[PDB]
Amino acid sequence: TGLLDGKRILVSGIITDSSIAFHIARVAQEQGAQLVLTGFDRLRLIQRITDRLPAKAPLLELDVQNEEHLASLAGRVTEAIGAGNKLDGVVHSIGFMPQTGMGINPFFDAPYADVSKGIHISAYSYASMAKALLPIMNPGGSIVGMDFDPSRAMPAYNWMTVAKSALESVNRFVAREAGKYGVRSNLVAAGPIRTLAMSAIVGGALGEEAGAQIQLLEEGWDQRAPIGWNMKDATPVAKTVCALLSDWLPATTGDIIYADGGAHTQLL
């Protein structure tokens, strides 16, 4: 009698046990969902990490820049879940921007090849995944992607914020296509989460100034949030994704749900 009882849901984006997608997968299993996982490049690592989830789940390789992987994806999922069965949910929790497009490297100094790779992985791939998977989704289904509010510019995030602006636009178009299948498409805009990479950035991995700036941004977030914000806890974010994967928001599509403590609704 979980929120997601009987649902078959694909979850991309697990790389470590601090990945937002690891917590999305954990909560969805706690709520009765049957998962198929996708991983990029380091499949041995990802299998070992995902062994710590409450239930075993098949793991498929998916590099979103690889056209072959995308073309075979629905067939591979169908074999993992059994012929005649379809998915009820898809989670996109994939993002990347080269170091030249984030941190202390000046905004104007990111070469376009680097920005293009970041926008491919972070924004275009949301459409790629929907194209691949809508033919094997049931009516009433739900596609969810991870967003970080790009409405205002911020220090250090730089071209990653541009990629999120493109992602929000992509989501509105995916909703139009997904609608033909009786399927919803939405993003969850999360507050900052202390993943391994984010901890490294605050520790100065992309320059001292960028680290300082991101730390300040984190502190302001909790201060602004009327219910507070705990950057070490991805669970409220994971629960929000599961809310969208459920049947409890059946008239919301092309949209953005903010799991940020309410910080974006306050100026100070």
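From 1 onward, residues are counted along the sequence shown.
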Taking the other PDB entries of this protein that cover both neighbours, check whether residue 235 lacks coordinates in at least a third of them. no
For at least a third of the other PDB entries compared, is residue 97 missing from the model even though its neighbours are present? no
Average Cα temperature factor in the PDB entry - higher stretch of 147 to 155, 193 to 201: 193 to 201
Highest mean C-alpha temperature factor of the two stretches 202 to 210 and 57 to 65, which is it? 202 to 210
Split into thirds by Cα B-factor across the chain's modelled residues, where does residue 160 land: lowest, middle or highest? lowest
Of the three thirds of Cα B-factor ranks in this chain, residue 243 occupies the lowest
By the record's CA B-factor, is residue 116 among the lowest, middle or highest third of residues in the chain? middle
Looking at the entry's B-factor column for C-alpha atoms only, identify whether residue 225 ranks in the lowest, middle or highest third of its chain. lowest
Which third, lowest, middle or highest, does the C-alpha temperature factor of residue 36 belong to within its own chain? middle
